[PDB]
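Novice: Show me how the following folds:
(chains A, B and C, ligands or ions: 6)
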Amino acid sequence: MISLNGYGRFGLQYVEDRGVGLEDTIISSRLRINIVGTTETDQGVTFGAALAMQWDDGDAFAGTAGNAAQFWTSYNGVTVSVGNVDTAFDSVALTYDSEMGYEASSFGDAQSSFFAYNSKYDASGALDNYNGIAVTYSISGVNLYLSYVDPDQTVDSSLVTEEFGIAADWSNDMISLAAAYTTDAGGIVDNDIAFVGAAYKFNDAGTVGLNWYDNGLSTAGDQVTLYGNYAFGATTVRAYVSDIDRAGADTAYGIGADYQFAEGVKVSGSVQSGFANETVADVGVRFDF
Amino acid sequence: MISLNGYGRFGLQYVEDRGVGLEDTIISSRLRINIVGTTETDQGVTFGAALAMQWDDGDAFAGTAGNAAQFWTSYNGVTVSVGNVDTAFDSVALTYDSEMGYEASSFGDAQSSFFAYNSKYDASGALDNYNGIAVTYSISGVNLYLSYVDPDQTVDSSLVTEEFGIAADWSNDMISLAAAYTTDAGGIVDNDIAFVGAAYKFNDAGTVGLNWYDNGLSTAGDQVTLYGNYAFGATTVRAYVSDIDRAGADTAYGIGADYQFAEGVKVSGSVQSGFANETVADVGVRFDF
Amino acid sequence: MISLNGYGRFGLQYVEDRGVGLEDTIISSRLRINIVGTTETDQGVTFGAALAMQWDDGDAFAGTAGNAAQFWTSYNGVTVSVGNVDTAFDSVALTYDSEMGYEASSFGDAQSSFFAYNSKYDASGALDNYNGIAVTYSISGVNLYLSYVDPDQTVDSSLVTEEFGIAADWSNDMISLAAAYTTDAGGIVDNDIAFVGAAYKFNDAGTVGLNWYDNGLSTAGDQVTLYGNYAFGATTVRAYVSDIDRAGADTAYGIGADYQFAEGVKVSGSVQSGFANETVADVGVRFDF
Ligand SMILES: CCCCCCCCOCCOCCOCCOCCO
Ligand SMILES: CCCCCCCCOCCOCCOCCOCCO
Ligand SMILES: CCCCCCCCOCCOCCOCCOCCO
Ligand SMILES: CCCCCCCCOCCOCCOCCOCCO
Ligand SMILES: CCCCCCCCOCCOCCOCCOCCO
Ligand SMILES: CCCCCCCCOCCOCCOCCOCCO
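Specialist: Numbering: from 1, shown residues only, chains lettered A, B, ... in the order given. Ligands and ions are numbered 1, 2, ... in the order given. Please see the structure below:
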């Protein structure tokens, strides 16, 4: 069986003083199409393969191609994936929950380098023999994630730095906890990064959380992000503040809102300020199909 | 929801004295696939995104890729589109009605340069930050089209030439009228082009029309195209003559026929002669799927 | 109508002493998606167009694109195809029946160069004006195949070497015969290749066959491949031995097994030894969707 799904988004993206002779406000947009092939068996083992075709404004050649494939096998709550996998640091709950605006961005997300699903081809040639293996297990409320990524599987293993990651998250109705740890993140020796997060659903309508990170070799150093959101009917208000250890950095912060126009259609905007005083704002729509 | 549609065509394309050591007759073919994602809402606002994958004989690398995305939002007869848009000069009725043969070509089409939907990627890098905005409105019988195209939206607007176009068409059962005007067509300063056309359905079976163009900076100068077609059951006969102002040009003319083999299957051919005495002929089939 | 189908495969591929500083065992995988557009008519003539998108581990740029299109028209058992066609030497029955393992490979397959359906784009630019024409006819039990491939159809025909091929196969319940002949195979002057094969289904469960080849200009020379397979319920055992004329070559051989896990899911492995003593092994799964 083959299924197709995806989303489109478009809106205005403002970057204060973007560059000499550059427009500060542009129309930023993205089209993402996922092609998923699945083979179900009467034994209860499902086999699947996925490809993504993603276009973003500014992409080279004004064209769209598929990325590298991901393959998986699922049985009884357990999923093993191979190829272009999702990694543990990128898949754990809570770590991206401060994101806002129609481009789902936040200075409060981790300021470290690590491997993650590659949405597009890479013209440099760096991903040509990249291969990962990931294992996920969802007991019930609990999620366990493991990932191993070899950036160049054809070369002897001792000559290349491989990335190993582990993560887990747990949730009930009001509290959620998550933690992740990755060694040699991004294929960089000694870039060992870690995440610990917690969130409290202080009503059916609002949630407050705190994420803490060890950003490994990044110049940001350790980081803490405090965020919260509150839903008023169809509109959600979101905010966050984040601090990093880097000397002289400003406190980053963001305020935004989402409006659920209809099932699958979300109008969102945000105004944010970064660690170097960058001022960014956006307003747009995402529609799922 | 995602839908796929498209068409294939293949046949023989003859170009008299094509080139030293070149074959005059080749097998010319095209495959076009459209991927359209749409999100309908109970408020009556539809959101959509489209991608095209088009291959033509002779294409570089013997491969096929997607082009740049187009996004739209539709409500009550009004459609706003962003990204890789259809432009007013290219979307107005009547302007391409002299086309014939299985490759839908005519020397009687406008001999000017203007922006239009880009079916494929562009390896030169010229379309990488190209972004347009188009608005269409269909009252009933009346169609209004507006388009604005910025060839490089990231650079300050005063440093780049933007294209602005407007068009309208009107039809009843027997008469149709259309007009279009575009300033700085194709992003070329002072290339201001215009179109005025009219057609008369002088029976349920035949139609005669006249298109007039101001080709802006083109060397062709002003142009007039007289064309007509007549349907005899499943076969349609078409013809046209066209004249341009360029000094010494020949009168161009074409004669062709279409046969409706079945719903979605059309067999067509044509013999045409250009403004420089070029002699071209074709015969092939188009099938829609 | 548009349909999508395909398959994914992944497993372990071992090549003894693959190279200095290279891993002998890698995870080898492939994703193949076929996009087929078809237009059926009430006259009984079907028109179709197909595109393939195929990704393999190690592919340049870690991306996936479509190949060049194939078009066909079918009526009463007869199929005419144009563009990126299947050729007679590659489509005849029996010639690939010694293949084994999850990558469907065999040293017993013909060791000659010939044109065949091109699954992917070609970055060298060699296939840009490649165009073929193929005709197949299936009486009942009998299959006839004809193919003509011009590697560069835009250049005068006398300046380019074209490939011409013919093949036929015949089968009843127990015996099958096949033969193919191709002149100027692969667009190489005087590379004339030939195939004769026969197989005997010596039970409902087992089959033994013999393929003989004239490999044209290849250095392998003539070749003979003896193979057989036997099914025990859901598991099939396969083996082959092959000999070529090249001076000093070793006898190649292979042993493998397939397990039909479920409809559309096959687990397969093999251990093989080549003409130069290469030792290769694999084990993996293919799933169709
Ligand atoms: C095979 C799938 C298609 C992906 C191949 C695209 C190959 C493009 O690059 C060719 C080499 O030249 C380098 C191009 O510049 C960077 C392109 O990508 C970056 C922005 O999206
Ligand atoms: C041309 C530059 C402007 C483009 C930037 C768009 C910026 C728009 O505003 C950002 C969103 O800020 C609003 C959120 O806080 C209030 C939420 O309550 C409002 C409605 O639900
Ligand atoms: C990213 C989508 C795939 C589109 C990228 C193709 C990139 C090809 O070019 C790489 C740069 O080299 C120039 C190629 O020559 C012209 C190709 O296109 C023209 C005919 O269709
Ligand atoms: C090898 C070069 C020949 C390839 C060119 C094909 C040219 C074929 O003819 C063009 C079509 O001309 C015919 C139209 O006018 C008559 C219409 O009535 C006929 C059937 O409905
Ligand atoms: C137009 C469809 C996309 C196919 C175009 C890809 C173009 C890539 O090459 C650009 C020229 O540079 C040469 C690249 O190196 C070889 C790539 O392919 C080989 C392995 O799959
Ligand atoms: C790390 C290198 C190992 C990876 C190579 C996998 C090789 C595995 O074995 C190849 C298949 O050989 C077995 C076939 O013959 C016996 C068949 O009966 C067995 C079950 O149906």
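Novice: Looking at chain A, which residue is nearest ligand 4?
Specialist: Of the residues in chain A, the one nearest ligand 4 is residue A:63, at a distance of 32.9 Å by CB to the nearest ligand atom. (Each C-beta comes from the backbone N, C-alpha and C, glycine too.)
Novice: isn't that residue right next to residue B:65, touching?
Specialist: Yes - distance between residue A:63 and residue B:65: 4.6 Å, which falls inside the contact criterion (CB atoms under 8 Å).
Novice: Residue for residue, what is the longest strand chain A has?
Specialist: When chain A is parsed with DSSP state E, its longest strand is strand A:25-40.
Novice: so who does the residue lying farthest from the centre of chain A touch?
Specialist: Of all residues in chain A, the one whose C-alpha sits farthest from the chain's mean C-alpha position, using CA atoms, centre = their mean, is residue A:42 at 34.0 Å. When the contact criterion is CB atoms under 8 Å, 6 or more residues apart in numbering or on different chains, the partners of residue A:42 are residue C:262.
Novice: residue in chain A nearest to chain B?
Specialist: Chain A approaches chain B most closely through residue A:63 (2.6 Å), counting by CB to the nearest CB.
Novice: quick revisit: how about the secondary structure of the residue farthest from the centre of chain A?
Specialist: Under the three-state scheme (DSSP: H, G, I helix; E, B strand; the rest coil), the conformation of residue A:42 reads as coil.
Novice: how close does residue A:262 sit to residue A:11?
Specialist: With distances taken as CB to CB, to the nearest Å, residue A:262 is found 17 Å from residue A:11.
Novice: And these two? Which one has more around it.
Specialist: When residue A:262 is set against residue A:11 and neighbours are counted by other CB atoms under 10 Å in any protein chain shown, the residue ahead is residue A:11, at 19 against 15.
Novice: Which strand residues bridge that one?
Specialist: residue A:28, residue A:284 (DSSP bridges).
Novice: So it sits against residue A:284, correct?
Specialist: Yes - distance between residue A:11 and residue A:284: 1.6 Å, which falls inside the contact criterion (CB under 8 Å).
Novice: for residue A:85, what are its contacts?
Specialist: Applying CB under 8 Å, 6+ apart, the residues contacting residue A:85 are A:70, A:117, A:132, A:133, A:134, A:147, A:149.
Novice: go with 10 Å
Specialist: Residues near residue A:85 by CB atoms under 10 Å, 6 or more residues apart in numbering or on different chains: A:70-72, A:91, A:115-118, A:130-136, A:147-149.
Novice: One more: residue A:192?
Specialist: When contacts are counted by CB under 10 Å, 6+ apart, residue A:192 touches A:112, A:164, A:181, A:182, A:183, A:184, A:185, A:214, A:215, A:216, A:217.
Novice: what two of those have the greatest distance between them?
Specialist: For those, the maximum inter-member distance is 17.5 Å, found between A:164 and A:215 (CB to CB).
Novice: Let me know how buried the residue of chain A closest to ligand 4 is, in neighbour terms.
Specialist: What residue A:63 shows, counting by other CB under 10 Å, is a neighbour count of 20.
Novice: swap in the one 4 residues further on?
Specialist: Neighbour count of residue A:67, defined by other CB under 10 Å: 23.
Novice: again with residue A:119
Specialist: Using other CB under 10 Å as the criterion, residue A:119 is surrounded by 13 other residues.
Novice: residues near the residue nearest to residue A:44 when sequence neighbours are not counted, how many?
Specialist: The spatially closest residue to residue A:44, leaving aside those adjacent along the chain, is residue A:75, at 6.2 Å (CB to CB, 6 or more residues apart in numbering or on different chains). Here the neighbour count serves as a burial measure; for residue A:75 (other CB under 10 Å) it reads 12.
Novice: between residue A:63 and residue B:65, what contacts are shared?
Specialist: Between them, residue A:63 and residue B:65 share the neighbouring residues B:53, B:120, B:121, C:65, with contact defined by CB under 10 Å, 6+ apart.
Novice: and the stretch 151-289 of chain A, which of its residues are near chain C?
Specialist: Listed as neighbours of chain C in the stretch 151-289 of chain A under the rule CB under 10 Å from any CB of the partner chain: A:152, A:153, A:154, A:155, A:156, A:157, A:158, A:159, A:160.
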